[PDB]
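The structure appears right after this line, and notes come after that.
A quick note on method: Cβ atoms are made from the backbone with ideal geometry, for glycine too, and the neighbour counts reach across all protein chains shown. Just so it is clear, none of the values below were taken in a lab; they were calculated from the coordinates.
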Amino acid sequence: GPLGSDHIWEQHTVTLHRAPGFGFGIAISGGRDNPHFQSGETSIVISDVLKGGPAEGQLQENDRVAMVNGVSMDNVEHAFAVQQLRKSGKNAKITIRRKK
């Protein structure tokens, strides 16, 4: 979706049950306190996904993460964020939004 004269985004939260092989299912990417950042976003995003777990086809670059396990991901470092979902063990929910 390069352009649809709409640009409507929606927020959806899903619970990812940790499974053998990886767990989270997706790879965190971004961080507010990272080497490179952009003023006006500071939102974490998924770098890459294994495509073989609970988040195989749910969390991707197409969808920008806003909150994880209740914690906001629009002003935190990738480490602080990943450590939050990592604590789950078998119930890591992430809130993402997309428009296309």
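Quick one: which of 10-18, 26-34 comes out on top by average Cβ neighbours within 10 Å, and what's the full order, highest first?
The densest-packed peptide leads the list: 26-34, 10-18.
Can you classify the chain as rounded, prolate or oblate using the Cα gyration tensor, where a ≥ b ≥ c are the square roots of its eigenvalues, rounded means a/c under 1.5, and otherwise it's prolate if a/b beats b/c and oblate if not?
oblate
Among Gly70, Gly52, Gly40, whose mean-square fluctuation peaks in a Gaussian network model of the chain (Cα, cutoff 10 Å)?
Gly40
Full extension from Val14 to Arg98: what is 0.36 nm times the residue separation minus their Cα-Cα distance, to one decimal in nm?
Gain on stretching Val14 to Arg98: 28.9 nm.
At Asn34 and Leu50, where each label point lies 7 Å from the Cα along Cα→Cβ, what is the point-to-point distance in nanometres?
2.1 nm
For the chain, with only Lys/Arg (+1) and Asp/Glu (-1) charged at the beta-carbon, what is the dipole magnitude about the Cα centre, in debye rounded to 20?
Working: 12 positive and 10 negative charges, 75 e Å.
About 360 debye.
Amide H of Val45: which non-local residues (sequence gap of 5 or more, or other chain) have their own amide H closer than 5 Å, using H built in the peptide plane?
Counting only residues 5 or more places away or on other chains, the set is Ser29, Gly30, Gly31.
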